[PDB]
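These protein sequence lines are chains A and B, in that order. Under the numbering used here, the letters of the first sequence match residues 133 to 461, in that order. Under the numbering used here, the letters of the second sequence match residues 133 to 461, in that order. Note that CB positions come from ideal geometry on N, CA and C, so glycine has one too. Quick notes on the structure that follows.
Protein chains: 2
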Amino acid sequence: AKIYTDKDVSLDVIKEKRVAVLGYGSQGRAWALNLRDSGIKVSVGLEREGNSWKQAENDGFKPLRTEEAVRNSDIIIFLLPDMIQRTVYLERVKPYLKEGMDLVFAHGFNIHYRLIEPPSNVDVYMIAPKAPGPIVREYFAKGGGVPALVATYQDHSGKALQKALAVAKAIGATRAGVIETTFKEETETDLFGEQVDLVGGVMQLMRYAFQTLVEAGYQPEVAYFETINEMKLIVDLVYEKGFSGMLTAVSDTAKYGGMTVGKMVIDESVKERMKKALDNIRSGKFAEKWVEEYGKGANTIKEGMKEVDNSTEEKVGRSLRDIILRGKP
Amino acid sequence: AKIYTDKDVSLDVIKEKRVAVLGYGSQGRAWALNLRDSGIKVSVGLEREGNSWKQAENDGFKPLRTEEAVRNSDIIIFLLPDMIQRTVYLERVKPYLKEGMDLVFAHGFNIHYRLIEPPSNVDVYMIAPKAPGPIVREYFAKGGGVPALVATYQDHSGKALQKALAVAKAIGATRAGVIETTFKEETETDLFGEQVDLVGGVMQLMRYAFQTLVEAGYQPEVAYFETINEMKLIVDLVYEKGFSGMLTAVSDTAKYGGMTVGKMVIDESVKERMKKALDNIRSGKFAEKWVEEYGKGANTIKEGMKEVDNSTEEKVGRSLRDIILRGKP
Ligand SMILES: [Mg+2]
Ligand SMILES: [Mg+2]
Numbered sequence: 133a134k135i136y137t138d139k140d141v142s143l144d145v146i147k148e149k150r151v152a153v154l155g156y157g158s159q160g161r162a163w164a165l166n167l168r169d170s171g172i173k174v175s176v177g178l179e180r181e182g183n184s185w186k187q188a189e190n191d192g193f194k195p196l197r198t199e200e201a202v203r204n205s206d207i208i209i210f211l212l213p214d215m216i217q218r219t220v221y222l223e224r225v226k227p228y229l230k231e232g233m234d235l236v237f238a239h240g241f242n243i244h245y246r247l248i249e250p251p252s253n254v255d256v257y258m259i260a261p262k263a264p265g266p267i268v269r270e271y272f273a274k275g276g277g278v279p280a281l282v283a284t285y286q287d288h289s290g291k292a293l294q295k296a297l298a299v300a301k302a303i304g305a306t307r308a309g310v311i312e313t314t315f316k317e318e319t320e321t322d323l324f325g326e327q328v329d330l331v332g333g334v335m336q337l338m339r340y341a342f343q344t345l346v347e348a349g350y351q352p353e354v355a356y357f358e359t360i361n362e363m364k365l366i367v368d369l370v371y372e373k374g375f376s377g378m379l380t381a382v383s384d385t386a387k388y389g390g391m392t393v394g395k396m397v398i399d400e401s402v403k404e405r406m407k408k409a410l411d412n413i414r415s416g417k418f419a420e421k422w423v424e425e426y427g428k429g430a431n432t433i434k435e436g437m438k439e440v441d442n443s444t445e446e447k448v449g450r451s452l453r454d455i456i457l458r459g460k461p
Numbered sequence: 133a134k135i136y137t138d139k140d141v142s143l144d145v146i147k148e149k150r151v152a153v154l155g156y157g158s159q160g161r162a163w164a165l166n167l168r169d170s171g172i173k174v175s176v177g178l179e180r181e182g183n184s185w186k187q188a189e190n191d192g193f194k195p196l197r198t199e200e201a202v203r204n205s206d207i208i209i210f211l212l213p214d215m216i217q218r219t220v221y222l223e224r225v226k227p228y229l230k231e232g233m234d235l236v237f238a239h240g241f242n243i244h245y246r247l248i249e250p251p252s253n254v255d256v257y258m259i260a261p262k263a264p265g266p267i268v269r270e271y272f273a274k275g276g277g278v279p280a281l282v283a284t285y286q287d288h289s290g291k292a293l294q295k296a297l298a299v300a301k302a303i304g305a306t307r308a309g310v311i312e313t314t315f316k317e318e319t320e321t322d323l324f325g326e327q328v329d330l331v332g333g334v335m336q337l338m339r340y341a342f343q344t345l346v347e348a349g350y351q352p353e354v355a356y357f358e359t360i361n362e363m364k365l366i367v368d369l370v371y372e373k374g375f376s377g378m379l380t381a382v383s384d385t386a387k388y389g390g391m392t393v394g395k396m397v398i399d400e401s402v403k404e405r406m407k408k409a410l411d412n413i414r415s416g417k418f419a420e421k422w423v424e425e426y427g428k429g430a431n432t433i434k435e436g437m438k439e440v441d442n443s444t445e446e447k448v449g450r451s452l453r454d455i456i457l458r459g460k461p
């Protein structure tokens, strides 16, 4: 697939545009800081004069209520939680849209699932950096940057890909590299990864391994080092060198064990259930169910966070993190 | 558990002893470099004059053939691959052992499974740091250190735990903290983590999720970012702030999906199969099976490595790491 880097993209297409960054969480901050450093006129737009508003004041912005930021801008960037974008949009963005304005997202969920339904006469596009806000910012600030995906949903102007690329350049992404996708692809793949692998899957895998050891009578601190803490070593090596690289770096005892037992533990029925999860994303069932849960108060999340907070593993983990911090220079 | 720090041991217990570090891979290097900085007399002993040998020379060591390092030393540290230790021991160490010498390990495997059966007149102990060699070295050299586990197998002197902690102090581990375990516990828990979690488990988990997306027709590059590359972001968060902190850092959508779908994918039958793997470790079946396999050339590893090296997943990953490399500061 085509990879775009600094050289392939001009800022001219957004240089003269006023950008509203809606939100000043971890992403909103990073983007607002990078855009402003790249010479883009940024207004931060916020629903409340709360902690976010203060943080933005602390960074030399003068924040505005959402609607005032929108009325004074050309390019509107939604860096708000997915579940509250709909309400902010309808009440504080929609009535202010004019021909030729742009709606810009970091995630495809709301557009793809019709929670925000834009008019036909604006451009709609996305830049999805592949790192946390702090890194997005740090790397840009050191003359590098983080890769991202870009997509266009509605290209009314004919320049929507160029504009998406320019935004991505202004936040440092083209220093690393950018690849084009679609709103649908980014949404479905992001939901799938989070559910089966990145958050759901690996958390349950690590937690089961930890529990198995503690239930068999081994020391909890030993069990935590072996099943949770060491995972960084492994995943750092995959990130840096691929699986091949990682496998070369571990013992032959580890390779033999991982190759023979790994597939018995994570067997074909797991893959079959991942297919089912993907089917549930693709049919819309997952998004329907989540929107329904959220509408009832997200009690699943509250109960699960309480269980994690009070678990044995969390207690043990805290203690080993004091030990690691104690020796970190 | 009791955590030991610098206040719990004086280097005096080993300051006057000559140490042979057998091997000069990433661990042998780190330990040799730290010990010498702590003012411990270090000799590097090696079976061949190849790359390890040259690196030791680069670091200012004059390396010796293994048996010459042993004859000239009091404390023999095995920092060699587990499956070669037995033959190095029989051929190059055991003939030269004398009362009061120490046999020191970084992993319990060879002592626990009777592949090395030490004589009755030596101490036998272990120090098992909980980070890669480079870090062992880096933190030490920066005035911190990395935590480790210690264990005693045969305490002929009555001071084996003091000597283990002293070696750990000399490589900086007591700057962070050290926990005592046993050779059995270290062995069984290290085998278990590699097999079901750290290597076997997570690799099968990530590959299967990649494969699911690719099979469904998503762009492989997108699939790789979402199922493999982004793992580092989550695991880093767990490493730094535990599961509660990771979960606070991800979206509510991610939380809900991980808590509901993750548990459907990684169900309690996975745990049950982890328990069977642990039973197979505990009975010695795994170790028998591996020792047998290794003695036949470890053809399982070679074919597994080829299969990984020419996988779609791996081809994709090569490209994307140029991207990231391209933007790091
Ligand atoms: Mg993502
Ligand atoms: Mg280990």
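query = In three-state terms, what does DSSP make of residue 173(A)?
reply = As a first step, residue 173(A) must be located in the first sequence, where it is residue number 41. The answer is strand: DSSP assigns residue 173(A) an E or B state.
inquiry  = Report the CB separation of residue 379(B) from residue 215(A) in whole angstroms; it is logged as a contact under 8 Å.
reply    = Looking up residue 379(B) in the second sequence gives position 247. Looking up residue 215(A) in the first sequence gives position 83. Not really, about 16 Å apart at Cβ, beyond 8 Å.
inquiry  = Helix, strand or coil for residue 336(A)? Go by DSSP, reduced to three states.
reply    = Looking up residue 336(A) in the first sequence gives position 204. Looking at residue 336(A) - three-state DSSP - the assignment turns out to be helix.
task = Would you check if the distance between the CB atom of residue 234(A) and the CB atom of residue 316(A) is smaller than 8 Å?
result = Translated into positions along the first sequence, residue 234(A) becomes position 102. Translated into positions along the first sequence, residue 316(A) becomes position 184. Their beta carbons are not under 8 Å apart, which means residue 234(A) does not touch residue 316(A) by this criterion.
message = With three or more C-beta pairs closer than 8 Å as the rule, is the segment 394-403 of chain A touching the segment 445-459 of chain B?
response = Contact fails: fewer than three Cβ-Cβ distances are below 8 Å.
request  = Would you decide whether residue 238(A) is buried or exposed? Buried here means 16 or more other CB atoms lie within 10 Å of its CB.
outcome  = Looking up residue 238(A) in the first sequence gives position 106. Buried: at least 16 other Cβ atoms inside 10 Å.
ask   = Can a CB atom of chain A be found closer than 8 Å to the CB of residue 428(B)?
value = By 1-based counting over the second sequence, the position of residue 428(B) is 296. With a threshold of 8 Å between beta carbons, residue 428(B) makes no contact with chain A.
inquiry  = When you measure from the CB of residue 362(B) to every non-hydrogen atom of ligand 1, does any distance come out below 7 Å?
reply    = To locate residue 362(B), count along the second sequence from 1; it is residue 230. Answer for residue 362(B): yes, Cβ within range of ligand 1.
request  = Would you mind sorting residue 129(A) into buried or exposed? The rule is 16 or more other CB atoms within 10 Å of its CB.
outcome  = With chain A represented from 133 up to 461, any question about residue 129(A) goes unanswered, as that position is not in the structure.
request  = Taking residue 243(B) as the reference, give the member of 261(B), 213(B), 319(B) with the closest Cα.
outcome  = As a first step, residue 243(B) must be located in the second sequence, where it is residue number 111. Selected option, being the one with the closest Cα: 319(B).
ask   = By Cβ distance below 7 Å, which residues in the same chain neighbour residue 428(A) in space, the five residues on each side in sequence not counted?
value = Position 296 of the first sequence, counting from 1, holds the residue named residue 428(A). Nothing meets the Cβ criterion.
message = Quick check: the Cα distance between residue 246(B) and residue 314(B), rounded to an integer number of angstroms?
response = Looking up residue 246(B) in the second sequence gives position 114. Looking up residue 314(B) in the second sequence gives position 182. Computed Cα separation, rounded: 15 Å.
task = For the beta strand (DSSP E) containing residue 360(B), list its first residue and its last residue.
result = Working through the second sequence from its first residue, we reach residue 360(B) at position 228. Taken as a continuous stretch (DSSP letters only), residue 360(B) belongs to no beta strand (DSSP E), as it is neither H nor E.
ask   = So does residue 353(A) have its beta carbon nearer than 7 Å to some heavy atom of ligand 2?
value = For the purposes of this step, residue 353(A) is identified with residue 221 of the first sequence, where counting begins at 1. Relative to ligand 2, the beta carbon of residue 353(A) is positioned no closer than 7 Å to any heavy atom.
key: Closest residue to residue 135(A) among 311(A), 222(A), 305(A), 326(A) (Cα-Cα distance)   = Sequence index remark: in the first sequence, residue 135(A) carries index 3 (1-based). Measuring from the Cα of residue 135(A), the nearest candidate turns out to be 311(A).
message = Once DSSP output is grouped into helix, strand and coil, what is the label at residue 264(B)?
response = Residue numbering aside, residue 264(B) sits at position 132 when the second sequence is read from its first letter. In the three-state scheme derived from DSSP, where H, G and I count as helix and E and B as strand, residue 264(B) is classed as coil.
query = So which residues of chain A does residue 241(B) contact, with C-beta pairs closer than 8 Å?
reply = If you number the second sequence from 1, residue 241(B) lands on position 109. The contacting residues are 385.
query = In terms of residue numbering, what span does the beta strand (DSSP E) encompassing residue 286(B) cover?
reply = Within the second sequence, numbered from 1, the residue matching residue 286(B) stands at position 154. For residue 286(B), the enclosing beta strand (DSSP E) covers residues 280-286.
ask   = Fully enclosed by the segment 153-218 of chain A, which alpha helix (DSSP H) runs are 4 residues long or longer?
value = Correct list: 158-169, 183-190, 198-203.
message = Quick check on residue 269(A): buried or exposed, where buried means 16 or more other Cβ atoms within 10 Å of its Cβ?
response = Here residue 269(A) refers to the residue found at position 137 of the first sequence. So residue 269(A) ends up on the buried side.
request  = Taking residue 289(B) as the reference, give the member of 435(B), 141(B), 145(B) with the closest Cα.
outcome  = Against the second sequence, residue 289(B) aligns to sequence position 157. Among 435(B), 141(B), 145(B), the Cα nearest to that of residue 289(B) is on 145(B).
Completely contained beta strand (DSSP E) runs for the segment 283-325 of chain B, where each covers 3 or more residues = If we require 3 residues or more, the beta strand (DSSP E) runs fully inside the segment 283-325 of chain B come out as 310-312.
task = Classify residue 252(B) as buried or exposed, calling it buried when 16 or more other Cβ atoms lie within 10 Å of its own Cβ.
result = The residue labelled residue 252(B) in the question sits at position 120 within the second sequence. Classification for residue 252(B): exposed.
message = Buried or exposed, going by whether 16 or more other CB atoms sit within 10 Å of the CB of residue 452(B)?
response = The residue labelled residue 452(B) in the question sits at position 320 within the second sequence. Residue 452(B) should be labelled buried.
request  = Measure from the C-beta of residue 259(B) to each C-beta in chain A and report whether the shortest distance is under 8 Å.
outcome  = As a working mapping, residue 259(B) is identified with position 127 in the second sequence. Put simply, the CB of residue 259(B) is far from chain A, with every gap to its CB atoms at 8 Å or more.
task = Throw me the rounded Cβ distance for the residue 499(B) and residue 157(B) pair, which I believe falls under 8 Å.
result = Past the boundaries of the shown model lies residue 499(B); chain B is included only from 133 to 461, so the question cannot be answered.
request  = Taking residue 214(B) as the query, report the chain A residues whose CB atoms sit under 7 Å from its CB, ordered along the chain.
outcome  = Reading the second sequence from its first residue, position 82 is the one you call residue 214(B). Within chain A, the residues near residue 214(B) are 383, 385.
task = Taking residue 260(A) as the reference, give the member of 185(A), 385(A), 297(A) with the closest Cα.
result = Within the first sequence, residue 260(A) is the residue found at index 128, counting from 1. Nearest C-alpha to residue 260(A): 297(A).
request  = Return the chain-ordered list of same chain residues with a C-beta closer than 6 Å to the C-beta of residue 188(A), the five sequence neighbours on each side being excluded.
outcome  = Within the first sequence, the letter at position 56 stands for residue 188(A). Within the same chain, residue 188(A) has close Cβ partners 156, 176, 195.
inquiry  = Is residue 329(B) near ligand 2 - that is, is its Cβ less than 7 Å away from at least one heavy atom of it?
reply    = Translated into the one-based positions of the second sequence, residue 329(B) becomes position 197. No, ligand 2 has no heavy atom inside 7 Å of this Cβ.
Exposure label - residue 140(A); buried when at least 16 CB within 10 Å = Against the first sequence, residue 140(A) aligns to sequence position 8. Burial check for residue 140(A): the Cβ neighbour count within 10 Å stays below 16, so the residue is exposed.
inquiry  = Tell me the rounded alpha-carbon separation between residue 346(B) and residue 352(B).
reply    = Here residue 346(B) refers to the residue found at position 214 when the second sequence is read from its first residue. Here residue 352(B) refers to the residue found at position 220 when the second sequence is read from its first residue. Answer to the nearest angstrom: the Cα atoms are 6 Å apart.
ask   = Under the three-state reduction of DSSP, which class applies to residue 234(A): helix, strand or coil?
value = Along the first sequence, one-based indexing puts residue 234(A) at 102. Collapsing the DSSP output to three states places residue 234(A) in a strand.
key: C-alpha gap between residue 425(A) and residue 198(A), whole angstroms   = Residue 425(A) sits at position 293 when you count from the first residue of the first sequence. Residue 198(A) sits at position 66 when you count from the first residue of the first sequence. Each residue's Cα considered, the two are about 27 Å apart.
request  = State yes or no: is the beta carbon of residue 361(B) nearer than 8 Å to at least one beta carbon in chain A?
outcome  = Residue 361(B) sits at position 229 when you count from the first residue of the second sequence. Put simply, the CB of residue 361(B) is near chain A, with a gap under 8 Å to one of its CB atoms.
request  = Kindly indicate which three-state DSSP category residue 456(B) falls into: helix, strand or coil?
outcome  = On the second sequence, position 324 is the one that residue 456(B) refers to. Looking at residue 456(B) - three-state DSSP - the assignment turns out to be helix.
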